[PDB]
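Understanding the architecture of this molecule
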Amino acid sequence: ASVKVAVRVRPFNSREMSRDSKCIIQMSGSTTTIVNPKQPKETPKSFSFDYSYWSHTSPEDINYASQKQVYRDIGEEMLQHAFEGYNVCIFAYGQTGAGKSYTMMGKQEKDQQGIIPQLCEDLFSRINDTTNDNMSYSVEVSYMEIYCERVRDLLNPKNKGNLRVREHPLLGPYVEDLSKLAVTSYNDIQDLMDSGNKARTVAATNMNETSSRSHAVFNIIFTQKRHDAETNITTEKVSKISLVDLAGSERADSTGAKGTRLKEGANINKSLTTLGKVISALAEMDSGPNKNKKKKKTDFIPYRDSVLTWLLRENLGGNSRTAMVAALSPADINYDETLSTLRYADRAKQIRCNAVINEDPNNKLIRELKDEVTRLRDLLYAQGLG
Amino acid sequence: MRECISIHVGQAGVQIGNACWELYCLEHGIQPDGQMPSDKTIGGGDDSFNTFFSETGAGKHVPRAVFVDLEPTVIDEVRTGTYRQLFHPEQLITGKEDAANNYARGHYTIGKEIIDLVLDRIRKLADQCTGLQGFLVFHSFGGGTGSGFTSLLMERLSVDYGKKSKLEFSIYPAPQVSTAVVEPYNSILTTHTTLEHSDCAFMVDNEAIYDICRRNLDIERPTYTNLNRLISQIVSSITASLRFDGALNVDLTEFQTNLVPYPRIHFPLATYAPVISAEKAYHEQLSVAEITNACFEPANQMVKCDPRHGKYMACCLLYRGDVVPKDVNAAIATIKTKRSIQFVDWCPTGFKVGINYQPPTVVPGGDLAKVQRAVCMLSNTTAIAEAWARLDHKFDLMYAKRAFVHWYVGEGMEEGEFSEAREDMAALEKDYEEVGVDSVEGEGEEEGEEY
Amino acid sequence: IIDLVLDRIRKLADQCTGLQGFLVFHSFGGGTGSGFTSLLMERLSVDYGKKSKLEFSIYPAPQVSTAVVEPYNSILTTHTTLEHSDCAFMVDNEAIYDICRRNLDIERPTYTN
Amino acid sequence: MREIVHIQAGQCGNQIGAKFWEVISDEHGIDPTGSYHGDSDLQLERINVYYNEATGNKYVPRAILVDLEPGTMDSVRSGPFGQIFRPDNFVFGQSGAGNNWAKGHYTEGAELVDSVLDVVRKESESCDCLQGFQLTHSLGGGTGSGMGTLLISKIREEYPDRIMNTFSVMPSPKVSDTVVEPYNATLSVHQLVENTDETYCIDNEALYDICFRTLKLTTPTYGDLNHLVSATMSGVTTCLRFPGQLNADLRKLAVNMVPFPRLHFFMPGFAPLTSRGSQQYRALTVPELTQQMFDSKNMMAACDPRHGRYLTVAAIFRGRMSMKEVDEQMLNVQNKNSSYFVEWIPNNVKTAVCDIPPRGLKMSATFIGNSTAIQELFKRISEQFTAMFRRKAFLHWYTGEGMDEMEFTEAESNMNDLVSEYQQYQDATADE
Ligand SMILES: CC(=O)O[C@H]1C(=O)[C@@]2(C)[C@H]([C@H](OC(=O)c3ccccc3)[C@]3(O)C[C@H](OC(=O)[C@H](O)[C@@H](NC(=O)c4ccccc4)c4ccccc4)C(C)=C1C3(C)C)[C@]1(OC(C)=O)CO[C@@H]1C[C@@H]2O
Ligand SMILES: Nc1nc2c(ncn2[C@@H]2O[C@H](COP(=O)(O)OP(=O)(O)OP(=O)(O)O)[C@@H](O)[C@H]2O)c(=O)[nH]1
Ligand SMILES: Nc1ncnc2c1ncn2[C@@H]1O[C@H](COP(=O)(O)OP(=O)(O)NP(=O)(O)O)[C@@H](O)[C@H]1O
Ligand SMILES: Nc1nc2c(ncn2[C@@H]2O[C@H](COP(=O)(O)OP(=O)(O)O)[C@@H](O)[C@H]2O)c(=O)[nH]1
Ligand SMILES: [Mg+2]
Ligand SMILES: [Mg+2]
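So, how was this worked out
Residues numbered from 1 in each chain as written, not as in the entry; some residues may be left out. Chains lettered and ligands numbered in written order. Part of a larger assembly, values for the part shown. Heavy atoms only, no water. UniProt positions renumbered as here; feature names shortened; annotations may be inferred. Near = heavy atom within 4 Å. Polar contact = N/O pair within 3.5 Å; in protein donor to acceptor, adjacent residues only side chain to side chain. Areas by Shrake-Rupley, 256 points an atom, 1.4 Å probe, with all protein chains shown as cover. Helix = DSSP H or I, 4+ residues; strand = E, 2+ residues; numbered from the N terminus. Nonpolar A, V, L, I, M, F, W, Y, C, P; charged D, E, K, R; others polar. Domains from an automatic or database assignment. Buried < 20%, exposed > 50% of the residue type's maximum accessible area, 1.4 Å probe, protein only. Contact = heavy atoms within 4.5 Å. Buried area = accessible area lost by both parts, 1.4 Å probe. Salt bridge = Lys/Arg side-chain N within 4 Å of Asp/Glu carboxyl O.

Looking at the method and resolution fields of the entry, one finds cryo-EM and 3.1 Å.

Chain D has the name Tubulin beta-2B chain in the PDB entry, where Sus scrofa is given as its organism. Word for word, the UniProt comment on chain D under Sequence similarities (unreviewed entry) is "Belongs to the tubulin family." For chain D, the Cofactor (unreviewed entry) comment in UniProt is given as "Mg(2+)".

The name given to chain A in the PDB entry is Kinesin-like protein KIF1A, with Homo sapiens as the source organism.

Given below as structure tokens:
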């Protein structure tokens with residue numbers, strides 16, 4: 001499968017309406033056109049994405065996309081894939097002050113909520129109606145941040161330290177001593193989410209009054225149990241939903257950072273540069289081994305250059321179904337940044353993935369052999385030998 | 001303060017201790033009466049090395065040794081001999097009969113009422129110590145005391161102290177020559193304790209030492225004094241690394257870390273290379289290569305077993321004297337290219353190397369020449385299984401008819417214990433046969449996915 | 001240190017009557033010769049404005065150079081040496097080495113020449 | 001003013017450090033008692049890089065000596081320059097690591113690391129403007145590997161913006177001295193690849209080869225190897241202490257040598273080396289220094305550069321010389337050996353020149369290469385590691401101290417990924 005790609009253009013902020021307020025984003029269907037404000041003669045370069053959302057004009061019906069529209073397009077499908085037994089991921093991307101935090105979290109005190117609220121709402125619903133005597137469900141929640149290449153836990157704030165990142169030989173990278181908690185109702189995950197959002201590090205800059213200072217990962221471990229007398233698969237599916245809110249790239253001149261803010265921006269830009277390098281390469285290699293021919297000699301994707309790409313090794317490639325939501329600003333002054341996001345989004349369209357359903361390998365072999373026995377028995381019986 | 005506590009049990013232990021303490025007293029400049037004139041003449045120094053000797057206020061040096069026996073004879077020979085004023089008067093000798101070549105008599109019946117005193121005095125010696133490193137236990141397989149009482153003492157020490165290393169030097173029964181009709185019973189009984197409660201057991205065989213004395217030192221009629229002196233030289237070579245300076249020092253923990261792959265395989269062989277007479281010390285260079293090669297010669301081994309019938313799992317070479325690293329490296333490289341010396345494929349490195357500046361000393365009235373260089377090799381290998389298997393056969397030949405068994409049951413054992421010990425021995429032997437096997441061909445059977 | 005540098009420049013300029021211009025000596029390919037030159041030229045253009053500003057800079061040579069990261073430092077200086085300077089004179093080490101070797105008959109010249 | 005804190009761990013680290021302080025004290029004209037008895041006025045101009053001043057017009061090195069076996073410390077105190085060090089910086093305990101990485105890292109070193117960090121903080125808080133640290137240790141041992149890695153991790157946690165140098169002696173293929181070198185080397189490299197800015201690889205095999213083949217010595221001891229290493233350490237940081245026609249700080253070397261963060265393992269070298277009897281025949285000049293610089297047999301890591309390509313190299317010269325000759329010679333070395341340099345880095349040779357040579361020489365120079373051939377060394381360790389981890393040869397000693405197979409597997413995976421990353425740029429083509 002391929003990485004799903006959604007782009008979303010936002011309205012003006014105070015900074016842009018105070019200064020020049022000319023838009024450069026135009027959009028139609030699933031096509032997004034950028035126009036260079038410095039070169040009106042040049043071609044209006046256009047990009048094709050799997051989804052495109054226009055939140056510039058609130059009351060208009062001209063392809064306006066509220067929070068719900070984005071959710072029904074992306075998150076509902078990803079939760080359906082989660083019930084199918086697949087690990088899924090949705091991660092935000094773009095520059096500072098574009099909409100990552102809003103899209104993933106939104107404002108709780110409104111009818112305008114983020115992907116994570118509506119996803120957990122719909123999940124709690126679906127487990128509630130589909131509960132049965134034999135069918136049962138369990139869900140656990142965790143929430144971590146990467147501040148200065150140091151992993152911190154959000155749910156439990158008293159930890160006050162940097163956890164250790166380990167590598168399971170089969171399951172890949174993980175975080176040790178991560179306070180995964182069991183929840184039973186939507187009020188519980190709401191309380192956890194509010195505590196986590198209060199725990200995150202946020203500082204005010206010129207580009208954004210509440211600019212994020214750390215990448216954030218919200219992990220939901222979901223398990224379906226189907227117990228019956230005969231041999232029905234017990235604790236069959238175990239899926240992981242990974243909802244990732246990245247901090248945005250910054251420029252020191254426009255941001256006005258000094259001291260700690262500038263160092264935070266430098267670390268954020270380092271992590272984002274490593275992420276961009278990894279995205280470009282997963283892309284080229286896949287596309288090649290895919291189009292080129294099929295040598296598959298050797299391609300090295302630098303996952304280890306940063307902790308962010310290290311933790312998300314399985315989501316950016318390998319065993320996961322992943323979606324990339326890019327945020328875009330309309331202002332002309334931000335043009336050189338916005339195009340860059342779009343360019344990387346285009347490369348994200350090329351990346352592929354290889355996800356498969358989880359099970360006990362002994363039970364996997366037993367089921368496969370039983371199916372082979374059944375097929376051979378049917379073949380022999382049809383031909384008069386069995 | 002790299003301090004060690006020596007324990008000598010039985011006749012063989014006490015006599016080896018006499019040789020060892022003669023050597024230690026001569027190395028450090030200590031007189032038989034405990035005084036050291038070197039410090040008085042010089043005015044002070046570190047020559048009262050705390051590894052073996054404890055210094056009192058008056059300038060006397062009392063050894064950190066514990067002698068134990070059930071016969072008054074062997075230690076009454078020491079209480080009235082040359083070294084009567086060196087040892088503390090408390091010598092832990094039960095004024096009763098002896099174990100009588102009986103494991104049961106020394107473990108269950110008479111080993112009690114002497115064990116408590118022994119552990120009390122060991123506690124007193126250990127309390128005086130700072131940074132105690134381990135114990136060195138000298139005893140003999142095939143004897144009553146040296147097997148049974150050593151078993152009991154090792155069990156109690158492992159209960160009390162726990163983490164301290166316990167090295168063991170012991171005299172294994174020979175293939176052909178023997179001094180008792182009931183050696184195999186005692187050896188097979190005490191293997192069950194030395195396997196669990198020790199950390200590293202060095203075994204020596206008297207037939208091998210007699211052959212070395214006949215061939216190298218040209219002694220036609222040796223006695224136990226010569227064998228004890230050789231064993232003393234070996235123990236001094238082992239312990240020199242924590243008494244004198246050197247280019248590379250090897251402590252007692254590095255020993256166990258490098259020579260013991262698995263917990264149940266801690267039975268290495270020991271050899272000493274420049275064993276030569278004074279007359280033949282001339283006409284010979286005695287370089288590093290010569291002694292390193294002589295360590296690997298089967299004729300020079302101290303246990304009657306051929307290393308060519310097995311595989312080397314670890315080697316530790318301890319050099320003394322005018323030795324430099326480059327010759328050691330050249331010798332190791334030369335040895336690695338010989339086809340007759342085989343190493344297990346799961347140990348590519350193989351060698352541990354230690355160097356000490358202090359050359360070996362000469363005991364007056366001895367038989368070893370004065371040399372500038374020396375090496376002691378310790379080799380954990382699989383050939384040792386042969387040395388056990390013979391004994392097992394002997395045990396069977398007596399246990400099919402239950403000969404000499406009623407003496408053991410009369411002293412507080414039951415029959416089944418014998419069987420238990422024998423079974424343990426088989427398991428240990430099996431383990432050796434499993435660790436010398438080459439790794440299965442391309443250990444992950446085979447492999448080679450796409451690209 | 002930029003504020004201190006500008007304070008000293010202001011003190012010198014106040015003493016000067018009919019100041020004609022600035023002569024800025026720096027080097028592409030170095031961290032300070034690029035970054036500090038950019039900062040100083042920006043602040044000088046903001047402060048003084050109409051006074052002339054000449055640059056005598058050492059451009060990287062086509063073949064020989066003394067650092068791996070010279071192209072980045074030289075390219076990133078383009079905005080400042082294009083926008084804020086009035087006339088920039090560029091010199092190359094290789095050319096001067098050849099001139100010394102051929103004209104002055106100096107076989108092994110050093111930076112003093 | 002840029003100033004360095006120096007840390008020594010284990011026997012090898014302590015001995016190399018002692019020889020290094022002897023060399024540096026000779027260079028600055030420092031008496032073994034601490035007094036200054038030099039001639040040139042430029043020796044004291046930058047004495048504060050390595051030395052603190054003391055009330056009697058004395059100078060005390062900014063050194064921290066660390067071990068778990070007391071004996072090595074004694075060998076430092078009872079020596080030619082034992083009294084120069086202040087006794088408060090001799091940090092040690094008892095019950096040494098015993099060649100066990102677990103004891104050095106987890107069990108024993110965990111208690112002494114607090115004291116060592118206290119002394120490090122005391123030395124660093126008095127610094128006017130700290131530049132970085134440098135640690136000397138042996139990867140193939142016990143306390144050296146474990147406590148060096150632990151100290152490196154703690155310091156990088158405390159001082160993230162500073163430079164962390166490291167001079168490591170790592171295991172050789174032929175010359176082996178302990179049985180469990182691969183385990184310690186693998187875990188140490190797993191730590192170093194994460195928590196270090198520069199790491200200079202040193203191999204005893206290469207140093208013995210230099211002594212036998214170039215210097216023509218017949219009986220080389222550890223003193224001569226320490227001599228070569230200490231010459232390299234002084235050559236690295238010459239430019240912080242003396243003026244020159246073209247300076248080169250540690251940060252300049254780090255920037256110009258490290259293209260990507262994980263590739264910072266360097267091959268060191270020194271020139272000239274004349275064998276005390278052939279110097280009367282060889283004329284000393286920049287071409288001869290350059291010829292001996294890039295020669296395969298002169299490298300200190302026992303990795304042939306002709307089996308890979310040079311990602312980057314750096315040459316620091318000392319002496320009065322012409323810059324035209326230096327630049328021309330480096331350019332010639334690039335073009336003539338066109339197949340041993342990558343094609344996506346134009347001018348991948350860094351150059352520095354310092355005016356003041358060593359005391360007894362008219363010219364000198366040092367070499368810091370960064371090439372893919374180093375991967376060979378790692379591959380070797382990995383092979384041996386597998387040969388002992390498939391059967392669990394000695395694992396119980398390590399698992400008794402509070403470790404598990406997970407750490408071994410992840411360290412092996414990290415080393416293999418590092419090897420692959422170096423191998424990515426080794427083969428030709430790629431281009432533009
Ligand atoms: C005629 C003369 O002076 O003889 C030379 C000499 O013969 C040679 C061979 C010297 C000599 O070095 C050796 O023989 C040697 C032996 C083993 C290992 C290393 C060296 C010399 O010993 C070494 C000594 O070098 C120095 O003094 C440097 O300053 C050196 N410092 C020390 O070696 C030193 C020794 C004791 C205490 C403190 C410092 C140094 C080098 C680089 C950076 C800093 C310092 C010199 C000039 C010589 C002798 C005396 C024979 C060489 O020394 C070095 C490494 O610089 C080895 O090749 C060079 C070049 C010289 O031609
Ligand atoms: N190498 C060596 N072996 C000895 C020496 N003395 C005794 N042995 C061996 O010890 C074995 C007998 O065991 P002993 O040590 O005599 O047992 P014990 O100490 O007398 O204990 P009891 O039997 O109860 O008196 C014999 O087979 C001897 O070969 C000695 O001085 N040197
Ligand atoms: N589609 C949208 N419709 C309406 N408002 C939006 C939209 N996207 C973003 N905004 C608002 O515009 C601002 C920018 O969004 P925000 O989520 O803060 O960007 P951000 O990248 O998460 N901040 P930062 O941490 O610095 O990267 C916020 O006030 C959002 O509420
Ligand atoms: N160059 C050099 N190497 C040494 C010296 N001493 C020991 N080594 C090397 O260090 C290794 C042993 O490591 P060691 O110092 O004992 O580690 P430690 O026990 O933690 O201090 C051996 O492989 C030796 O080659 C020395 O003086 N010089
Ligand atoms: Mg944000
Ligand atoms: Mg007796």
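That was the structure; now back to the text.
1. Let's talk about the site of ligand 1
All names here are of chain D. Looking at ligand 1, there are 18 residues lining it, with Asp26, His227, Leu273, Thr274 and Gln279 nearest. A distance of 2.5 Å separates an oxygen atom of ligand 1 from a polar side-chain atom of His227. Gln279 is positioned with one of its side-chain polar atoms (N or O) 3.4 Å from an oxygen atom of ligand 1. When isolated, ligand 1 has an accessible area of 970 Å², and the protein chains bury 75% of it. Listed by contribution, the elements that provide at least two residues to the shell around ligand 1 are α1 (10-27) and α8 (222-236). For the shell around ligand 1, the residue count by class is eight nonpolar, four polar and six charged. When residues of the shell around ligand 1 are assigned to domains, at least three fall in each of domain 1 (2-259) and domain 2 (260-373).

2. Overview of the environment of A:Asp346
Residues and elements named next belong to chain A. Considering the arrangement of structural elements, one finds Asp346 in helix α10 (residues 335-350). Judged by its relative accessible area of 27%, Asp346 falls in the partly exposed class. Residues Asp346 and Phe47, 299 residues apart in the sequence, show an inter-C-alpha distance of 7.3 Å. Each residue touching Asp346, except ones within four places of it in the same chain, is listed here: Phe47 and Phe49.

3. Some thoughts on the interface of chain D and chain B
Across the contact, 28 residues belong to chain D and 32 residues belong to chain B. In total, chain D and chain B occlude about 2900 Å² of area from one another, counting both sides; carbon and sulfur atoms represent 54% of this. On the chain D side of the interface with chain B, the three residues burying the most area are D:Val179, D:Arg391 and D:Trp397, jointly 23% of the side's total. One can count one salt bridge joining chain D with chain B. Notably, a salt bridge pairs B:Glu443 with D:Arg390, separated by 2.6 Å at the nearest N-O pair. Here chain D and chain B share 14 residue pairs in polar contact between them. For the side of chain D that touches chain B, the secondary-structure elements that each account for two or more residues are α7 (204-214), α12 (374-389) and α13 (395-399) of chain D. In terms of residue count, α12(D) provides more of the side of chain D that touches chain B than any other element does, three residues in total. Residue composition of the side of chain D that touches chain B, grouped by class: 13 nonpolar, nine polar and six charged.

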